[PDB]
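Single chain ahead, written as structure tokens, the form deposited in one PDB entry.
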């Protein structure tokens, strides 16, 4: 699947981001040279990269080729880049950008946040239905299309789960979004994405305020006196049962659900399938 965009019609406008070994850029695709052309977000493999990076990139392209859902960024096509000697990944451009760039500048109410949470779970259930783990679920990878719509917008760490396994075995790791089993056993379950969702939910309820972020909060608890032992120390504080605190005006019951996504024991966490009904009921509740 499907379309081939010719780089001769692609006009670079703007850098939108930088993720793993890729950059996402805004282009205008203008065959008729008119300005009528469509704006598209284009992900490319970085200005230098080795065999590990490249084998990953091919996997990312194939995963995003086969995903199709209301709350997953729309895959539009590829672009030969000869170049870097690989393809560029072309997707729809969502101009409001990530929740991480958006929420710190726009006072969004509780009901809308829970709606986004519901929607993130929907996309994640679908993704788990298709047998993938995301491994990088955080507010910076959730795109606000409008208002009443979010999409999961990046798959750079996503992996298929081996058809006869419960997990995938794994640096650039977003460790402050990771469950203990990922930091310790280096295994990544479906339940491990639910932990990350709990942190993303915490991010939303704090409007992604930089001072309240997980790295900031966790490094305040851990201290920076021994950088060598950050992961070790994070794992111990988590296994001790210490958690990220309640965000201001977070309803008691929502922090409860948050904590339940943070069960130390993975099997005690809800699936994304479990969360969809709970979230949409709590969403409904908070409008009226």
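Take the two forms, find the largest set of C-alpha atoms that superpose within 1.5 Å, and that set is the rigid core. Numbering follows the first chain given and starts at 1.
In the deposited sequence, the stretch from residue 170 to residue 171 hides 1 to 3 residues that have no coordinates. Taking only CA atoms, the mean B-factor in the PDB entry is higher for 33-41 than for the other of 33-41 and 255-263. For the pair 267-275 and 8-16, the mean B factor over Cα atoms is greater in 8-16. Per the deposited coordinates, the residue with the largest Cα temperature factor out of 127, 82, 115, 73 is 82. Sorting 95, 164, 153, 104 by the CA temperature factor given in the entry leaves 164 at the top. The PDB entry assigns residue 78 a C-alpha temperature factor belonging to the highest third of its chain's modelled residues. In this PDB entry, the Cα temperature factor of residue 210 sits in the middle third of its chain's modelled residues. Residue-level temperature factors show residue 87 in the highest third of its chain, judged at the C-alpha atom. Ranked by Cα temperature factor within the chain, residue 189 sits in the middle third according to the deposited record.
One more form of this protein exists, namely the form deposited in another entry; it is left out here, but the text below deals with it.
After superposition on the rigid core, the Cα of residue 146 moves by 2 Å or more between this form and the one not shown. In the core-superposed comparison between this form and the one not shown, the C-alpha atom of residue 223 has shifted by at least 2 angstroms. Relative to the shown form, the Cα atoms of residue 205 and residue 146 move apart by 3 Å or more in that other deposited form.
Note: the CA-CA distance for residue 227 and residue 196 contracts in that other deposited form relative to this form, by 3 angstroms or more.
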